[PDB]
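Have a look at the structure below before the remarks.
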Amino acid sequence: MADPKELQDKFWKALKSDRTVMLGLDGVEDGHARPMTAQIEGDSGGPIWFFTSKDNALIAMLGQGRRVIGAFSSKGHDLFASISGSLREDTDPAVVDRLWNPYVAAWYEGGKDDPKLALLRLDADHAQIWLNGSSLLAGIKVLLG
Amino acid sequence: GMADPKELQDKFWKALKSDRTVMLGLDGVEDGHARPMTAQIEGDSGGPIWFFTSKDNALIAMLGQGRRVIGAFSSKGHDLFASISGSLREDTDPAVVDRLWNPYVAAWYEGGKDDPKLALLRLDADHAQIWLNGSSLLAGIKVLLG
Amino acid sequence: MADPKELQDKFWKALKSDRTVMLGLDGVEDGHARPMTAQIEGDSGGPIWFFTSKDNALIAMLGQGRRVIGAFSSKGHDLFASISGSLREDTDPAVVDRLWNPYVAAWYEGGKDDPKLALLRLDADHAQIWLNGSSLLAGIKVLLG
Amino acid sequence: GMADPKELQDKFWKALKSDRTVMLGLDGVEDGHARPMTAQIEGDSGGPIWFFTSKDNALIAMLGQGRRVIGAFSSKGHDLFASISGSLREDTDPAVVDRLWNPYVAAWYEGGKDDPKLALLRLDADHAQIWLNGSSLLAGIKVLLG
Amino acid sequence: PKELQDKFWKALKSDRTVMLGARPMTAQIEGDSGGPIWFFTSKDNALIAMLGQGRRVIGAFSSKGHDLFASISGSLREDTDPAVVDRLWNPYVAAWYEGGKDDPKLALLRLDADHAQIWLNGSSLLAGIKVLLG
Amino acid sequence: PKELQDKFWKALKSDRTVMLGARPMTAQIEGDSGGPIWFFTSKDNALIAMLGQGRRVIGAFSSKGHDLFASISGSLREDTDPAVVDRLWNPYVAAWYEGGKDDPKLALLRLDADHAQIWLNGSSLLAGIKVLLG
């Protein structure tokens, strides 16, 4: 039997390189799935973190946690994933500190202590994963003019 | 220019037509039945957005006259992301089946167009939110070489 | 019925944009299929032309014509094609003149009148074409750690 | 550096493993039976290069102890082209079938590994000629703007 | 000639980054072809104090696929004209300024380019190297 | 700092084109990291007569995906040393010269770079725009 560790490994690798997850919240933003850049600590396992601003629309609507579905595809479209879990704000200075880098620093005027800095977390309990391979159709012979 | 609705709509339809995969979920529900499906359109722009599927797809029995859905789309290179809002229903119109028929779709059905286990869904698209993936130049770092 | 005009059109479009054909000659160069940049006049129909140098190894071996098989793929691998026909030299000044452009000019010191300039032609009678689409495997649900 | 055999061999195996499609033809013949097949290798480098196929593939009945073949390969982006010379034969070794088995291959066979219409070809690769697709800068053209 | 120049504007319009001198900046042009080339920046940028009336600049541009390289020569000056700022404004430009169009840290530079040298860069198959495979 | 500089050499080693000034040229470096940066050209190139002992040059480099931009400052001079030409030689370099290593129209320039400023360019999601679809 093929154990599911291999799929979960392909998913985490893909998420760490490609990053974008389209986050849809039921009853907020018309359910529109907005793309945000995921950051994870290490190579595998959540939580999935998203750097944002305090004036982001979702922040007022999350409360203690709002259930979400994340639409993920690898760049190149070899893997699609539906990620389910809960989204909430968790602007934890220690987490910010650990995830901080020059790319994240670009998005803030004041750096780590920028009052407009907010961090969202996705606690993903499960995901559905579809591999997308190529398939060659049958060869058709044609006279060339 | 690049941010106007006409250029964005044009890029969207161009990417959708060549890349096709839309992650479709039923709006306003517990289990959205989110899954990736292959978009097809007649022509180069404009809906409806059609999806070939099996009669036993979880979504089908929930649709009726049409249910509101969100379709999460990304181009293959990740240069464009689109969230598509619209109404989804089954419209297995033989004439539409004929026009949209191609060898790729042919491959999925052993029984062909007469396959009893065939369904064609139409997404009558209302609007889309479109996000282009741009770039951010970081602060320069002067370094010595050798 | 799907008429074969559509396939032949996809092939010619792909050949005109992507250009590279891997040309294998039986009994010459160990049968190695060498990539060369194809040029065609107009959007469709052969002959398929290849700019080269007079000191190219194949030139001495072609004679009046040597049968070839061209391996072609679109950039992105959505179409594969096996092209059969005959390859020969045909350094026709009038053809050179018609196919000439700044990209071809880059490859020659003396331009059109460079004595080292040679042109090969492939008279393709037929091709076998395989479309290569994507296929989504069945979704697998996984608990995320 | 980039033109040395080790770097070129490394790029080849990397491209072959991710892109897979090789156009295989029988060397020294009238009808080469050229067709695109999916290369698989165990590990990240080194042959044999394995190809899953149907027992009714035209090549199979011609192979015997092995026949010399040429495999025309290109990376997906067209940055590398490789012409692979080697010997091709059938080696439907159950143990190899097991190791190379994956859901993509699984998809092609309704009967699975026990499918009577299953064959596994091995290309024992001897050498390859590798052509990188570089670039040529044209002569500059000074122009007025406005 | 005209086809070549069009190729340059199309690339500049989609890829935008020009190395002006010495730093990369994001170009914007109104319409498909022709200048002036506009650069949104901040008042605290080094070049502003150095430009004055308008100084001579050299720009290094390449397309994203490296299929075109261009050397742009022109006159660079500040032209923070509210009229142009309104026309050029969009949600993307708006994202760089906390204070919108009236953000006191906003500045706009216009580059009036006179000449350019454009080197196209075609793909080219390199020499075939034979390698024993293991 | 060290990681950033390595990223620049890797990009330069794979993408090669540097806009030195004003024209694009193909860089070559021996090993993974560090200079000198070598440029194969011809004796009839304009810069050769202008370099003499070695002149100060500014180079504009960008990675092929535009994920890194670099401003390179250094000393450029001719150094057509047969010893280096032999080490740097390969079938690709050989393709530019009808006369091989002894081609009288061959020249080699070395750029001794002292400093560089490197701007990384990350991808960034732009503002979402709502559009009615037809």
Side-chain angles (χ1 to χ4, degrees), chain A residues 11-12 14-26 28-33 35-40 46-53 55-59 61-62 66 68-85 87 89 99 103-104 106-107 118-122 124 127, chain B residues 2-3 8-9 11-12 14-16 19-25 27 32 34 36 39 69-85 125 127-136, chain E residues 91-92 94-95, chain F residues 122-131 133:
Chain A
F11 166 73
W12 289 119
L15 186 61
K16 200 163 186 72
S17 59
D18 303 332
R19 306 196 276 273
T20 309
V21 182
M22 295 181 69
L23 298 165
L25 294 159
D26 205 58
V28 173
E29 318 293 352
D30 299 296
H32 278 295
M36 304 185 82
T37 309
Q39 299 199 25
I40 76 176
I48 305 165
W49 304 92
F50 306 89
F51 276 96
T52 197
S53 60
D55 67 68
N56 181 339
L58 308 190
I59 296 181
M61 300 297 86
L62 294 175
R66 181 181 291 278
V68 295
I69 287 288
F72 175 78
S73 71
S74 60
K75 192 203 291 173
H77 288 192
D78 47 275
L79 182 146
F80 293 91
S82 190
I83 303 165
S84 81
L87 192 63
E89 189 191 345
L99 300 180
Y103 296 95
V104 184
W107 309 324
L119 192 66
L120 305 179
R121 65 181 282 180
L122 170 39
Chain B
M2 94 207 217
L8 288 166
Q9 183 165 185
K11 286 180 178 179
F12 164 74
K14 189 191 173 81
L16 181 64
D19 302 340
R20 305 183 144 192
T21 312
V22 182
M23 179 76 83
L24 269 177
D27 192 88
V69 292
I70 292 293
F73 174 78
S74 76
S75 54
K76 201 166 289 184
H78 283 191
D79 63 312
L80 179 149
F81 297 91
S83 182
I84 310 165
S85 176
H127 70 272
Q129 189 162 11
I130 297 163
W131 298 260
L132 305 178
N133 193 11
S135 66
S136 88
Chain E
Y92 312 145
Chain F
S123 69
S124 203
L125 293 160
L126 299 185
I129 295 179
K130 293 191 183 184
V131 158
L133 295 178

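Naming convention: chains lettered A, B, ... in sequence-line order (proteins, then strands); numbering from 1 in each chain. These values consider heavy atoms only, across backbone and side chains, with no hydrogens, waters or symmetry-generated copies.
Between A:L58 atom CG and A:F50 atom CZ the span is 10.5 Å, to the nearest 0.5 Å. Note that the CD1 atom of A:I48 and the CD1 atom of A:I83 stand 4.5 Å from one another [nearest 0.5 Å]. With rounding to the nearest 0.5 angstrom, the OG atom of B:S83 is 7.0 Å from the CD atom of B:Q129. Considering CZ of B:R20 and CZ of B:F73, their distance stands at 11.5 Å, rounded to 0.5 Å. Distance check, rounded to the nearest 0.5 Å: OG of B:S135 to CG of F:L126 gives 8.0 Å.
When the side-chain contact (heavy atoms from CB on, under 4.5 Å) test is applied to A:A57, the partners found at least two apart in sequence or on another chain are A:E29. The side-chain contact (heavy atoms from CB on, under 4.5 Å) search around B:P36 returns A:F80, A:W130, B:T21, B:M23, C:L136, not counting sequence neighbours. Taking the side-chain contact (heavy atoms from CB on, under 4.5 Å) definition, one finds that B:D79 meets it with B:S75, sequence neighbours left out.
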What verdict does the side-chain contact (heavy atoms from CB on, under 4.5 Å) test give for A:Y103 and A:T37, after you've listed the backbone C-alpha separation in whole Å, the side-chain angles of each residue and the deciding distance to 0.1 Å?
CA-CA 11 Å; A:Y103 296 95; A:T37 309; over 6 Å; no

Just do the side-chain contact (heavy atoms from CB on, under 4.5 Å) check on B:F12 and F:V131 with the steps written out, would you?
CA-CA 10 Å; B:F12 164 74; F:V131 158; over 6 Å; no

For A:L23 and A:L120, what are the C-alpha separation, side-chain angles and deciding distance, and is it a side-chain contact (heavy atoms from CB on, under 4.5 Å)?
CA-CA 11 Å; A:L23 298 165; A:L120 305 179; 5.5 Å; no

Show, in sequence, the C-alpha distance, side-chain angles and deciding distance for A:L62 and A:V28, and conclude whether the side-chain contact (heavy atoms from CB on, under 4.5 Å) test is met.
CA-CA 9 Å; A:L62 294 175; A:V28 173; over 6 Å; no

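Counting all heavy atoms, side chain and backbone alike, B:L16 lies closest to B:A39 at CD1-CB, 3.6 Å. Closest approach of A:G31 and B:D27 over heavy atoms only: CA-OD1, 3.9 Å. Residues B:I70 and A:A33 approach most closely at CG2-N, 4.1 Å, considering heavy atoms. Heavy atoms only, all atoms of each residue included: F:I129 and E:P91 are closest at CD1-CG, 3.9 Å. The minimum heavy-atom distance linking A:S53 with A:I59 is given by the pair O-CD1, 3.1 Å. Taking every heavy atom of both residues into account, B:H78 and A:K75 meet most closely at CE1-N, 3.5 Å.
With contacts defined as side-chain heavy-atom distances shorter than 4.5 Å, the pair A:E89/A:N56 does not qualify. Annotation: side chain of A:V104 is not in contact with side chain of A:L99 (no heavy-atom distance under 4.5 Å). Using a 4.5 Å heavy-atom cutoff, the side chains of A:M36 and A:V21 are not in contact.
For B:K14, the NZ atom sits in a loose shell: 12 or fewer heavy atoms of surrounding residues, nucleotides or ligands are nearer than 6.0 Å.
Counting only distance, with no hydrogens or angles, the side chain of A:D30 and the backbone of A:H32 share no donor-acceptor pair below 3.5 Å. A:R66 places no side-chain N or O within 3.5 Å of a backbone atom of A:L25 that could act as its donor or acceptor partner.
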